[PDB]
Number of protein chains: 2
Amino acid sequence: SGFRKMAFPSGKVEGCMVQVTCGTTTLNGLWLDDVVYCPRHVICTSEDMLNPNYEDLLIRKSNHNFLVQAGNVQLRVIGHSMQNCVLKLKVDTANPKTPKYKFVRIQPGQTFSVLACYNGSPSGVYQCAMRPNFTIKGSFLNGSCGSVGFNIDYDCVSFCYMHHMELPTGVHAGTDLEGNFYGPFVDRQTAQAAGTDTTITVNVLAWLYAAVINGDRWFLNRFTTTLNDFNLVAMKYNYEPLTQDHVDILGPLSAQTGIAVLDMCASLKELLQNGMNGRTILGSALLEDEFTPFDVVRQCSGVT
Amino acid sequence: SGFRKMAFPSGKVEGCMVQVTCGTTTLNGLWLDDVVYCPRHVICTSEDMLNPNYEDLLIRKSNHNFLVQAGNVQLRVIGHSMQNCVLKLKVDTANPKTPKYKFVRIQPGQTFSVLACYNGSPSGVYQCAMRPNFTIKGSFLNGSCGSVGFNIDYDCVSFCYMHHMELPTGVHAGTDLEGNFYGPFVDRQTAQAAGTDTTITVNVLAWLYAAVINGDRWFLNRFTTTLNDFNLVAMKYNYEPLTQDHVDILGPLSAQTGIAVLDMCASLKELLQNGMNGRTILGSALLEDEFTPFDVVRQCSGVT
Ligand SMILES: CC(=O)NCCc1c[nH]c2ccc(F)cc12
Ligand SMILES: CC(=O)NCCc1c[nH]c2ccc(F)cc12
C-alpha cells in the first residue's frame with residue numbers, strides 16, 4: 001500500500017551521462033554506443049542565443065572544438081553532425097555501459113523520469129509528464145541542458161526527452177533524441193509563450209483508481225455520466241477531452257476495482273464542481289495528473 | 001527554475017540490491033563488501049509473524065538455508081548473525097560495486113530516497129521523510145521488504161532506512177542498517193498504531209523559501225512573528241515546534257531571499273489561519289514538508 005510519485009531507477013542512464021564543452025559553454029551529453037548526443041546550443045555564446053544561425057556557427061567548429069569528458073577521462077571526437085536541434089558527436093570509444101535503448105517521441109500526457117545533471121554528473125531524479133502544451137514542469141538550473149527524460153521497459157531505456165531551455169514563465173522545453181522540439185518551441189532566446197496547460201484527464205482517472213486501491217474512497221459518488229456529459233464539464237475546467245481510447249486504457253483499473261470508468265468520471269465531475277472541501281486524496285489537495293494508467297498498474301502490481 | 005520532489009540518483013544503490021530467500025519467503029537484501037543485510041523476518045512463515053521468537057526460529061537456520069542471488073548468480077553464504085531486527089549474511093564475495101558508504105540513523109523530519117525493489121530488482125525511486133511519529137509514507141507491496149532509504153554526499157551513500165512492514169493504516173515502518181526500528185514499532189504482525197503525524201515546520205519553511213526563489217510569492221505577507229507566538233499557532237495546527245536550531249538551519253535561505261525566518265513564519269501562520277483560498281504554491285494545494293533546508297539549498301544550487 002501507499003502510492004508515490006516514483007521515477008525509474010536511474011543507474012542505466014547515470015552510466016550514459018557525459019560533460020560536453022564547446023568554448024566557454026558546458027552542458028550534458030548522452031553517450032550511447034560511440035555517439036554523444038547534446039543540445040546544439042552548446043556551440044552558442046549567450047550573445048549567439050538571441051538569434052543563432054546554427055549551420056553558420058557550426059562551420060566555425062571542428063571535432064577538436066567539442067570537449068567530451070566521461071568521469072575524469074576525455075573522449076576523442078572523430079565526427080560531428082547536427083540532426084535537428086541536437087549534435088551527434090562520434091567518439092572513438094563505444095560507451096561500455098550502453099544499455100539496451102530506443103529513442104521514442106512521446107505524446108502529451110505521457111510521464112517519464114528526468115535525471116537532472118550538471119557537468120555530466122547526476123544530481124537527482126524526478127517524474128515529469130509531457131504537458132498538453134508540450135512543456136514540462138522540471139527542475140533545471142544553468143548547466144542542466146542535455147539532461148534526458150526516459151522510461152524503462154525491464155532492461156530497455158526508451159529515451160524520450162533532452163532538456164534545451166526554460167521559457168520566460170519558468171516551464172521547460174526540449175526535444176526528442178532526434179532533436180525535434182516537443183511543441184512549437186525553438187532553441188532561440190526569444191520570448192516564447194506556452195498554450196493552455198490543461199489537466200491530463202485520463203491520468204487523473206488513473207490516479208483516482210490508485211486512490212481507491214490504496215483505501216482513499218471518500219470521493220466515490222453515487223453517480224455515473226457519459227463521455228459527452230463528462231467532456232462538457234472537462235472543457236469548462238481546462239481538462240483534456242476523454243476519448244474511448246482513454247476509457248479502453250483504464251479498463252484494467254476498472255476491472256481491478258469494479259468501478260466502471262464512466263462512474264469514476266462522474267466522481268471526478270463532482271470533484272471539479274464541489275472541490276476537495278479541504279480533504280486530500282493520496283496526500284494531495286489537488287487532482288494529480290502526472291501518473292499514466294500504465295504507471296498506476298506498474299506501481300500497484302510492482303513491475304521491475 | 002522549477003522545484004521538483006527529487007530523489008538521489010539510485011545507480012550506486014541499484015548495484016547493492018540482492019534477492020534473499022529463506023524457505024518460501026523472498027525479500028530484498030543490501031550487499032555491501034562481503035555482507036548482505038536483510039530484515040530478520042525473512043526467516044518467518046506469515047504464521048510465525050503473529051508472535052515470532054527470532055532467536056528460536058534462527059536456531060533452525062544454517063548458512064545454506066539463506067539463498068542470496070545477485071542478478072542471476074548465487075552468492076555463497078559463509079556466516080549469518082542477527083543484529084537487532086536485521087540479518088547480516090557473510091558471503092564469500094565482496095560486492096564489486098560496493099560504493100563508499102555509511103550507516104546513519106536519521107532524525108524525524110530528515111528526507112531520504114527509497115529504491116523500491118522486488119526479488120532484488122529495482123522498480124522505482126522516490127523521496128520520503130521520516131515522519132515525526134517515526135513512520136514513512138512509502139509505496140511498498142509484498143516482496144518490497146529490505147528495500148533501503150539513503151542519502152548521497154557526492155560519492156558516499158549514507159544508508160538510513162531498511163523497509164520491514166506496513167501498519168494496519170498503510171503507513172510504513174523500518175530500521176536503520178543496525179536493525180533498530182525507527183519509533184516504537186516491532187517486526188510482529190500485531191496491530192500497532194502510529195502517533196500524531198505532525199507537519200515538519202522547518203521543512204515547510206524551507207519549501208516556502210524554495211517557492212519565493214522560483215517566483216511563487218503571492219503568500220508573502222506584511223507581518224512578522226516570534227518563535228513563541230508562531231509555536232502557539234503551530235501547536236494548534238499539529239505542526240512541530242520551531243526551535244532556534246531550525247531558525248539557524250534556515251539562515252542561508254533567509255540570506256539568499258532577504259526574508260527573515262520569523263517573517264516567513266508569519267506568512268506560514270497566515271497560510272494556516274487563512275488557508276490557500278484555492279491557490280497553489282509550487283503546484284501544491286497543501287504545504288509540502290518533505291523538503292529539508294539542505295534539500296532546498298542542494299536543488300536550488302545544483303549540487304551533484
Ligand atoms: C527564459 C527565456 O528567456 N527563454 C527564451 C529561450 C532561451 C533563453 N535562453 C536560452 C538558451 C538556450 C536555448 F536553447 C533557449 C534559450
Ligand atoms: C498491516 C499489519 O498487520 N501490520 C502489523 C505488522 C506486520 C504485519 N505483517 C508483517 C510482516 C513482517 C513484519 F516485520 C511485520 C508485519
Side-chain angles (χ1 to χ4, degrees), chain A residues 1-15 17 113-128 136-144 152 154 166-167 169-172 214-216 275-276 278 280 282-287 290 298-304, chain B residues 1-15 17 113-128 136-144 152 154 166-167 169-172 214-216 275-276 278 280 282-287 290 298-304:
Chain A
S1 213
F3 199 77
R4 273 282 183 183
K5 188 64 69 57
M6 189 173 267
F8 293 96
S10 65
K12 276 178 199 303
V13 178
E14 289 172 54
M17 299 310 307
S113 303
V114 171
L115 181 66
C117 297
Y118 300 90
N119 301 115
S121 288
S123 45
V125 63
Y126 55 88
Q127 194 69 358
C128 275
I136 75 172
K137 301 140 141 165
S139 183
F140 292 119
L141 300 182
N142 286 338
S144 70
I152 309 178
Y154 174 43
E166 208 161 67
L167 297 192
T169 50
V171 303
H172 298 118
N214 286 282
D216 273 356
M276 306 279 285
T280 62
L282 291 175
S284 175
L286 58 69
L287 304 190
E290 294 203 353
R298 189 181 307 108
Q299 185 171 165
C300 288
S301 82
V303 173
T304 54
Chain B
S1 213
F3 199 77
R4 273 282 183 183
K5 188 64 69 57
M6 189 173 267
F8 293 96
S10 65
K12 276 178 199 303
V13 178
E14 289 172 54
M17 299 310 307
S113 303
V114 171
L115 181 66
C117 297
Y118 300 90
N119 301 115
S121 288
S123 45
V125 63
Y126 55 88
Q127 194 69 358
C128 275
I136 75 172
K137 301 140 141 165
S139 183
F140 292 119
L141 300 182
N142 286 338
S144 70
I152 309 178
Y154 174 43
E166 208 161 67
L167 297 192
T169 50
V171 303
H172 298 118
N214 286 282
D216 273 356
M276 306 279 285
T280 62
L282 291 175
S284 175
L286 58 69
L287 304 190
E290 294 203 353
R298 189 181 307 108
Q299 185 171 165
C300 288
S301 82
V303 173
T304 54

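Just so we're on the same page: letters track the sequence lines, and every chain starts at 1. Keep in mind that the numbers below use all heavy atoms, side chains included, and drop hydrogens, waters and symmetry copies.
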Notebook entry, point to check: What pair of heavy atoms forms the shortest contact from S123(A) to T304(B), and how long is it?
Noted result: CB-CG2, 3.6 Å
Check: Picking from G215(B), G138(B), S121(B), which has the most non-hydrogen pairs under 4.5 angstrom with chain A?
Finding: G138(B)
Next item on the list: Heavy-atom distances under 4.5 Å only: say whether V125(B) touches chain A with side chain, backbone, both or neither.
Entry: both
Check: Between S139(B) (side chain) and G2(A) (backbone), is there a donor-acceptor pair under 3.5 Å?
Finding: yes
Next item on the list: Heavy atoms only: give me the nearest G124(B)-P9(A) pair and the separation to one decimal.
Entry: N-CG, 3.8 Å
Note to self: Just so I understand: if I count every heavy-atom pair under 4.5 Å between each of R4(B), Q127(B), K137(B) and chain A, which residue has the most?
What the structure shows: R4(B)
Check: What pair of heavy atoms forms the shortest contact from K5(B) to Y126(A), and how long is it?
Finding: O-CB, 3.4 Å
Item checked: Segment of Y118(B) engaging chain A (4.5 angstrom heavy-atom cut-off) -> both
Next item on the list: Check salt bridge (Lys or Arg N to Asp or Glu O under 4.0 Å) between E14(A) and all other residues, then give those that pass, not counting sequence neighbours.
Entry: none
Checklist line | Test item: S10(B) side-chain N/O and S10(A) main-chain N/O as donor-acceptor pair under 3.5 Å | finding: yes
Check: Does any N or O in the side chain of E166(B) come within less than 3.5 Å of the main-chain N or O of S1(A), such that one atom is a donor and the other an acceptor?
Finding: yes
Next item on the list: Below 4.5 Å from any heavy atom of chain A, which atoms of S113(B) appear? Answer side chain, backbone, both or neither.
Entry: neither
Next item on the list: Please identify each residue that fulfils ring-ring contact (aromatic ring centres under 6.0 Å, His included) with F140(A), with sequence neighbours left out.
Entry: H163(A), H172(A)
Next item on the list: For residues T280(A) and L286(B), determine if any side-chain heavy atom of one lies less than 4.5 Å from a side-chain heavy atom of the other.
Entry: yes
